[PDB]
Colleague: 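Would you mind keeping the following structure in view while I ask a few things?
We count ligands from 1, going down the list as the structure has it; atoms in each ligand are counted the same way. Residue numbers start from 1 in every chain, and the chains themselves are labelled A, B, ... in the order their sequence lines are given, proteins ahead of strands. Note: hydrogens, waters and symmetry copies are ignored here, and every other heavy atom, side chains too, is used.
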There are 2 protein chains.
Amino acid sequence: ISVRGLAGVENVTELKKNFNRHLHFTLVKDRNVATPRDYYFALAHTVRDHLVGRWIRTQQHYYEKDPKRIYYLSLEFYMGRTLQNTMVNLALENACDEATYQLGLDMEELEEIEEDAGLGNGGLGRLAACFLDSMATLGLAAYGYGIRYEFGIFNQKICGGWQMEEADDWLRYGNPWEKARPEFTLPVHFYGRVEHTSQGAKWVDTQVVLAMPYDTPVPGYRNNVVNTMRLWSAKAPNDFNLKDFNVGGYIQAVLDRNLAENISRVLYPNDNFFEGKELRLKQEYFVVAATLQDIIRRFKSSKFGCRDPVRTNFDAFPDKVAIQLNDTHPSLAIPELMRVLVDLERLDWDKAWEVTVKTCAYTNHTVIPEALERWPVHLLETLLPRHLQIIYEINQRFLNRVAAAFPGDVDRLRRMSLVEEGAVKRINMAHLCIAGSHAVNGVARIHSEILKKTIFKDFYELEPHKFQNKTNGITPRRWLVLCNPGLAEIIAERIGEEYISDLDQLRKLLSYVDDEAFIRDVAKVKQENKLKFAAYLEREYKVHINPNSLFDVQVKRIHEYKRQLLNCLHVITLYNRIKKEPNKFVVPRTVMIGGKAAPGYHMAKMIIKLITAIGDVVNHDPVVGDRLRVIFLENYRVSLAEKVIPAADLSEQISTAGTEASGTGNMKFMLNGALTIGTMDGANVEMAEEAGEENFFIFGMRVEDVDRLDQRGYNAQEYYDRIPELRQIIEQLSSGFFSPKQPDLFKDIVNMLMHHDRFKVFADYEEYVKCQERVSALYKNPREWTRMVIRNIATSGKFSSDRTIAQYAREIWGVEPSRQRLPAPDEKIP
Amino acid sequence: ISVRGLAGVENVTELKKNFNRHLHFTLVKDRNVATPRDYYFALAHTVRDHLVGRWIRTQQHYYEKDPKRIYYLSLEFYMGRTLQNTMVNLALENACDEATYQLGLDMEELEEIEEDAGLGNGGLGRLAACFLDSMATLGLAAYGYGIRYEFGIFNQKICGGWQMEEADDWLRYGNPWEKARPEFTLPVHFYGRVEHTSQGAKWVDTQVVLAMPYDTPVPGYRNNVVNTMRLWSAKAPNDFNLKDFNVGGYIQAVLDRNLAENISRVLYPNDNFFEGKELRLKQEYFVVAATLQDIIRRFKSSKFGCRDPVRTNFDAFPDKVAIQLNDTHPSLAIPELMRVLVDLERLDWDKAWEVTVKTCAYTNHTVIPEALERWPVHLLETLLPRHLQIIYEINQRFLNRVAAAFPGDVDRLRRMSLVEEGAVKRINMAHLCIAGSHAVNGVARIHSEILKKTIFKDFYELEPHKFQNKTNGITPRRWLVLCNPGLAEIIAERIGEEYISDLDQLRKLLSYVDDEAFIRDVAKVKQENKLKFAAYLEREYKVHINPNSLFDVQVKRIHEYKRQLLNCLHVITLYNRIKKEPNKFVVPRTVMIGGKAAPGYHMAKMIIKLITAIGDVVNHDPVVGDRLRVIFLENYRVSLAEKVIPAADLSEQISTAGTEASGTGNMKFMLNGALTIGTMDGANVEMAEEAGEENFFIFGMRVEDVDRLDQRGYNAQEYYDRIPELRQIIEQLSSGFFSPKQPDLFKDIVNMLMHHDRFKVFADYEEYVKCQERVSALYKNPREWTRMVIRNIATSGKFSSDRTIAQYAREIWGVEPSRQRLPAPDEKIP
Ligand SMILES: O=c1[nH]cnc2c1ncn2[C@@H]1O[C@H](COP(=O)(O)O)[C@@H](O)[C@H]1O
Ligand SMILES: O=c1[nH]cnc2c1ncn2[C@@H]1O[C@H](COP(=O)(O)O)[C@@H](O)[C@H]1O
Ligand SMILES: *Cc1c(COP(=O)(O)O)cnc(C)c1O
Ligand SMILES: *Cc1c(COP(=O)(O)O)cnc(C)c1O
Ligand SMILES: CC(=O)N[C@@H]1O[C@H](CO)[C@@H](O)[C@H](O)[C@H]1O
Ligand SMILES: CC(=O)N[C@@H]1O[C@H](CO)[C@@H](O)[C@H](O)[C@H]1O
């Protein structure tokens, strides 16, 4: 059937009865009233059964051996569905497929019922999920720590061409993967004040919110290692949240509990944008405060909570603990670690600081100013008074370090301060993370260099040793084996299976680049994938596309820097050229653009309306025929990505050079047989470098050109004046060609494009369409297109998150990865 | 070990492995980290497994045979713990005791971990729970329908002698008994307006709240019947509760979902008191609207949703459906049934009314005015506009019936109206229920007569056939076999086991009233029970009592009508007499008073403070010694009741004649070997009548005397003037003898007692203490005390809820009870 494992005789039989056990005993249903949803859960529970045994021994193991622990703190974990992924990592896919088949059910139909775990916005959240999978696969004693939002990223609905947001109630029917652990609930404090008494400061008169943990299993790939993702939920104490007496109402007091519990209610839907709301700040401290208590408790036990030197010596803390900051969101972990060590454990400042710096590491994910966290002091002042005092003291000591290093450099001092003066004082969370971490890293080579040259230049001059790079990656399991079994099978037919956990081996595929059978196969799976997607489209969304055309897709969050607008300009151009010479042949294309716009991002929502507007015109022009279709992919999310990416021919990664830190979607397309048209931005550079620039469609300004242009000054009018095709498009938008009933509907987009384009869309237009002509030329030559594809696939190995994690492990955490199978799952009951 | 069933070889082995399965696979724990709470859940899940098989076949059965269905609507279901009760009804107690013993665990210790299902206030809520157990035991196709509050009755804490309320988070660790059924979620409407168009009225522009059901199994006693209790939970739709666009905030919109979900958040802690809050009204319509859709859906299928006359003829509705209104709380079921039939199904008014009256039955539970539901019209007007119109139309037609029956009786017309004029117009829910039901019943013979003679006199003259009586009862399973196995065993030793489901057989115990061994045994179990309670007291609450003294206990909600104050006066008297003649012998007593006071009931909370105040003085007076102890039983609830009642010697049922509808606690004490001192009120009359007034301690005013006194006019001063002992007590309270630091602390109680005692406490004082002297005299004669006890126990049979249900069944519902074992639980998988 494929290498989805063995469909053993004993195990298919075993699976079937357990499926039935659960349907009866767990779901309390009988075959006669069971619906597809019931069947999905019976299966889910049956599969979950297979990893609890391994989950328990893995955790017990780490307790016995006591290795260094890795704590990945992130406010986002974009997990997606977990049924299939679990089957794949446990080698259960074929057995389950067989068993469910014998029970008369279609496994694929059941898999579509699972709701996505959308606890993330986009790239940052998904990176965390791929990292968790890789850390498990590499046998690291790692823990993912986050917030269990009851409402993840909103579900996007397109009404009249506009995006409509609606709550994502992903828990509505329950989550069979998580295990509530109310017995490990911890208290988290807010507000209050600071008392300075005799031997130390005291955080007093605080409001308490309880943090209840929920554990979700994270299975490594076929190694019997099952790590843990612990998500915190907010709960109101039953005392003060009722007991602070003297009139108000008993009923009201109970109803007001949903005020402390609102902390973990919903994820902020912002991607690369900072919103300074108090609720956000509360979520940030909440996950930090609860997680740290968990970290220290585990440390206090270790082998120190037995003997060792005997005396809670936190000197070995950094040898046993490593906490990674996914962006600045969990940045309060630094001052909180200090608070606990100094205030509670009573360590002297300097010893406490040494420990803190040695265990913390920060990962930066963007360079755009509006995405940078700068919290107003009055907020920290009210909500976390002691932390503000600690931050000021950290700043004081740090600046003294700077002054001593650069005597008389008074401007440098204000520039490096963690405290920003002005309208309202703010705290630069990024500066805090650099100062309190022993390593700071970028997510792609150019992004890392930009940090050193630009944004954190002064910090780099002060401590050059801190700055590193760790190019992002993606997991070959979900992003190849899971979403594209067809391609994985033909690859395995030639080079085996060891590449799934050793992607570098894909290079061996280079020697089949001239193999006639392979070329035919690679081309066959892609055709099957396009056919399956073309079907899904009419199935679930309804209104035909042509599977023979080039599948041109750009799927990512809607941003001005991602330039969906630039993609739009090209589409209109294609249309206008066709309308000019109707009877001239052109390579047919289906351009699919999908992504979510943050609810408050007016421009982003305007762009979504433009895309649908273009499709209204283009898709109903008889002269165009089936040569050009414009489709907006609705509710783009992980599960949808697993469907489009394998069916894509052209991947669009066209951000303005220097704005996309790394990107990961690009990698997803490269490993799945799509060719890339893009700018020298983020990881695109390392990808082209790995496949060879001849097998990539690079165009536009490099970072240097962008800067040259900024010195000069960017004037869009120039481009408007010298390019008639471009002029024609702008006047089409301005006159209502794309919005008849509301002719001035797109005035904001035009106005912006002409007068305040921060991402110089016009500057890359000419080279972009020129380049698009080149891909169309190559598509006309199937054999050569496929051979170039083989060149990309065979060379994508470097982009596996196993590589990224292995580097974090060795160069930052100080631990050694291991591909050693944990001693089976085997029963056992001590 | 006892007759807790057989501890079979095969089944104890089977139990043990399943216990282990769950501990591993369900709880995801290993023996080395498992805590008593974990063990409790492993067991709970193991036990729950045994009734899912029976649950499924019972429900399938009713679908096949299609008998008349009984729907018990109540806003309260005081369930308590359910582990032991399930073992008892499934004959699993000894096997589980054995198995857990072999696993090295104490079952009793694990049973104490289960949280109480406190979805009720007191008697009304508990009646519903005993009814459910009886309906299952009598094989009725019955369904309990209510609200799944996430916060039940508050947990009571005594701080400085005062009651402190704190949220009852009973779901904190989960509920292993319920089964969420999100797939059967139904919509419920609120607000909106009424449109009158061409062919009918339309309820429009409403706010929608979703009702998600949760099913809990209700096992009959050893008959393999497992009925269902369906509890509704409020959920916000994800559309409008987000989709009603045009600024407000996306985040705020999601946070505001907890506004529609607040409907099922907390139970109103009022006992026999009406609070006209909008939230309450919403809860009332919510349970009614959701339940009815469920009822009609089931009816539409039946055997009509196949063939029958073919044409949705609701003429057979009353033949297939019976809905019982537990008080007026679910009274909106009447106009709602009309709305659906008329507005949606399009039946003519008269045919719809005929059906409605024929399927609805109302049970009244109190005669005090402040407990009567009278909803302001402006509220119904805003929240349920169409229902108000239907109520006015019902009133219109009803009053026309009255006018035609009593021509010219204009006062009668205003008196019987469902609409009350005055300050603000109100709707008398009780009048609504009488008019729209074919049967109205009281809960005790005297209470029923009072309804006919007083409160509903006019209604009785109009339709005498509607009024009936159904004396309350309690379930012998939980209230004898479960809480008092010792007594059940010795009874079974002589007369067998058939009495558990046929309590009348207890009469056979009359012939052992002179049996020397029996007298010794009955006396032995009571001594063991008192010893076990005396221990629990020091275990969980701490500060000694004497097991040889008479256990004088009064446990029920704190009310002015229950007269805990009268009990207080006696206690102080005992104290004062002892202080007068210290070296005179008196029968030692431990008087235990426990109960919860509604949060807003100032007087009730003042009484709790008085009780503790008396104990502070009495319990620390060296002269008193161990002859008199005053203890306030904290957090009285079902699980605590299962502990005190079996250990009681004297049961206090001293309400003012004519105020306690029936009472049920009294019955609980009678069946467990306690003697009763009380007034001729509620079921006390039928109890004394059943055991013989010679075996009961009756005192005080009868209903007639109370009325005589009211004609005359009640003057407490008279009693104060003629009774020195009484005068002495009042002056002790007035001068601060019981409240040194705050001498005027009890001025409200004294002021009330002397000037506004609605329940004439002083009027029954003399006869009360006189009577108390008689019980003390009899206690001095162990042999005769026990023989009188045997006379009560042997004669309590009539007070089993099986008897009550059998009567409801035959005289109201039109169904025949059956003690036929359902065809085993046996596997099966169609
Ligand atoms: O005190 C202990 N004795 C034995 N095993 C322990 C103990 N504490 C933790 N463990 C094991 O380690 C796992 C880890 O627990 P953690 O503290 O949540 O990381 C537990 O489920 C146990 O298997
Ligand atoms: O359409 C049907 N076919 C077969 N069995 C049914 C059907 N509808 C209800 N049942 C059975 O009756 C039980 C009652 O469902 P209810 O409608 O919630 O009372 C279900 O769990 C099934 O066993
Ligand atoms: C991988 C992924 C992302 C990241 O896309 P980029 O092109 O790097 O912005 C965002 N959303 C989803 C659902 C993804 O799977
Ligand atoms: C039976 C019961 C009641 C009813 O007591 P009465 O004496 O009838 O008022 C109230 N509370 C609990 C917990 C009960 O078990
Ligand atoms: C702040 C933020 O979300 N940054 C995003 O992080 C992901 C994962 O590193 C990058 O691939 C992406 O380019 C970048 O925009
Ligand atoms: C309104 C109300 O709660 N009434 C209560 O109902 C229970 C059960 O019928 C009676 O025993 C009790 O005397 C009465 O006070």
Colleague: Could you tell me how the ring of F467(B) sits relative to the ring of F456(B): parallel (under 30°), tilted (30 to 60°) or perpendicular (over 60°)?
Modeller: tilted
Colleague: Just which atoms of ligand 4 are under 4.0 Å from any heavy atom in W479(B)?
Modeller: 15 (O)
Colleague: Please say whether more than 12 non-hydrogen atoms of neighbouring residues, nucleotides or ligands are located less than 6.0 Å from NZ in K277(B).
Modeller: no
Colleague: Look at atom 1 (C) of ligand 6 and find which of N270(B), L127(B), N272(B), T363(B) reaches it with the closest heavy atom.
Modeller: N272(B)
Colleague: Would you mind checking if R81(B) and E111(B) are paired as a salt bridge, meaning a charged N to carboxylate O distance below 4.0 Å?
Modeller: no
Colleague: Regarding atom 18 (O) of ligand 1: of the candidates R57(A), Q60(A), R69(A), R298(A), which has the closest heavy atom?
Modeller: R298(A)
Colleague: Do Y72(A) and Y145(A) have their ring centres less than 6.0 Å from each other?
Modeller: no
Colleague: Look at the side chain of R307(A) and the backbone N and O of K303(A), then say whether any donor-acceptor pair between them is shorter than 3.5 Å.
Modeller: yes
Colleague: Could you tell me whether ligand 1 has any atom less than 4.0 Å away from a heavy atom of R297(A)?
Modeller: yes
Colleague: Any heavy atom of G682(B) sitting closer than 4.0 Å to ligand 6?
Modeller: no
Colleague: Are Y214(A) and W177(A) close enough that their ring centres sit under 6.0 Å apart?
Modeller: no
Colleague: To check your reading of the model: name the closest protein heavy atom to atom 8 (O) of ligand 4, its residue, and the distance in Å.
Modeller: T664(B) N, 3.0 Å
Colleague: Is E689(B) paired with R445(B) through a side-chain N to carboxylate O contact shorter than 4.0 Å?
Modeller: yes
Colleague: Could you tell me the residue and atom name of the protein heavy atom closest to atom 7 (O) of ligand 4, and the distance to it rounded to 0.1 Å?
Modeller: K556(B) NZ, 2.8 Å
Colleague: Which ligand 4 atoms are under 4.0 Å away from a heavy-atom of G123(B)?
Modeller: 3 (C), 4 (C), 10 (C)
Colleague: List every atom of ligand 4 that sits less than 4.0 Å from any heavy atom of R637(B), numbering the atoms from 1 in the order shown and giving each element.
Modeller: 13 (C)
Colleague: Atom 9 (O) of ligand 4: which protein heavy atom is closest, and how many Å away?
Modeller: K562(B) NZ, 3.0 Å
Colleague: What residue and atom, counting heavy atoms only, is the protein's closest point to atom 5 (O) of ligand 4, and at what distance?
Modeller: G665(B) N, 4.0 Å
Colleague: For the rings on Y173(B) and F41(B), is their centre-to-centre separation under 6.0 Å?
Modeller: no
Colleague: Look at ligand 6 and say whether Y561(B) reaches it with a heavy atom at a distance under 4.0 Å.
Modeller: yes
Colleague: State the atoms of ligand 6, each with its element, that fall below the 4.0 Å cut-off from a heavy-atom position in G123(B).
Modeller: 7 (C), 8 (C)
Colleague: Between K157(B) and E634(B) (salt bridge meaning N to carboxylate O under 4.0 Å), is one present in this structure?
Modeller: no
Colleague: Between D327(B) and ligand 6, which residue portion shows a heavy-atom distance shorter than 4.0 Å: side chain, backbone, both, or neither?
Modeller: side chain
Colleague: Measuring to protein heavy atoms, does anything land under 4.0 Å from atom 15 (O) of ligand 1?
Modeller: no
Colleague: Apply side chain to side chain donor-acceptor pair (under 3.5 Å) to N469(B) and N441(B), showing your working.
Modeller: CA-CA 5 Å; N469(B) 168 255; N441(B) 78 273; over 6 Å; no
Colleague: Any non-hydrogen atom of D30(B) lying under 4.0 Å from ligand 1?
Modeller: yes
Colleague: Which is closest to atom 8 (N) of ligand 1 in terms of heavy atoms, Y63(A), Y62(A), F184(A)?
Modeller: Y63(A)
Colleague: Please state which option from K562(B), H365(B), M667(B) has its nearest heavy atom closest to atom 6 (O) of ligand 6.
Modeller: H365(B)
Colleague: If you count the atoms of ligand 6 from 1 in the order shown, which ones are under 4.0 Å from a heavy atom of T366(B)?
Modeller: 1 (C)
Colleague: Check for a donor-acceptor pair, side chain of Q468(B) on one end and backbone N or O of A439(B) on the other, with a separation under 3.5 Å.
Modeller: no
Colleague: Provide, to 0.1 Å, the distance between atom 10 (C) of ligand 6 and the closest protein heavy atom, together with that atom's residue and name.
Modeller: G663(B) N, 3.7 Å
Colleague: Starting from atom 20 (C) of ligand 1, find the nearest protein heavy-atom neighbour and note its residue, name and distance.
Modeller: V33(B) CG1, 4.2 Å
Colleague: Relative to the ring of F551(B), is the ring of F533(B) parallel (under 30°), tilted (30 to 60°) or perpendicular (over 60°)?
Modeller: perpendicular
Colleague: Using a strict cut-off of less than 4.0 Å between a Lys/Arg side-chain nitrogen and an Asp/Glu carboxylate oxygen, indicate whether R478(B) and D133(B) qualify as a salt bridge.
Modeller: no
Colleague: For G663(B), take its heavy atoms, then give the atoms of ligand 4 lying under 4.0 Å from any of them.
Modeller: 8 (O)
Colleague: Check whether any N or O atom of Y143(A), backbone or side chain, sits under 3.5 Å from an N or O atom of ligand 1, and answer yes or no.
Modeller: no
Colleague: Can you tell me the protein heavy atom closest to atom 14 (C) of ligand 4 and the distance?
Modeller: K668(B) NZ, 3.0 Å
Colleague: So, do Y601(B) and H559(B) have ring centers that fall under 6.0 Å from each other?
Modeller: yes
Colleague: Tell me, which protein residue and heavy-atom name are nearest atom 13 (C) of ligand 1, and how many Å apart are they?
Modeller: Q59(A) O, 3.8 Å
Colleague: Relative to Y71(A), does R298(A) satisfy both conditions: NZ or CZ under 6.0 angstrom from the six-membered ring centre, and within 45 degrees of the ring's axis?
Modeller: no
Colleague: Which option wins on minimum heavy-atom distance to atom 8 (C) of ligand 6: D271(B), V443(B), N472(B), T328(B)?
Modeller: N472(B)
Colleague: Give a yes or no on whether the backbone of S233(A) and the side-chain of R148(A) come within a donor-acceptor separation of less than 3.5 Å.
Modeller: no
Colleague: To check your reading of the model: name the closest protein heavy atom to atom 13 (O) of ligand 6, its residue, and the distance in Å.
Modeller: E660(B) OE2, 2.7 Å
Colleague: What is the closest protein heavy atom to atom 11 (N) of ligand 4, and at what distance does it sit?
Modeller: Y636(B) CE2, 3.5 Å
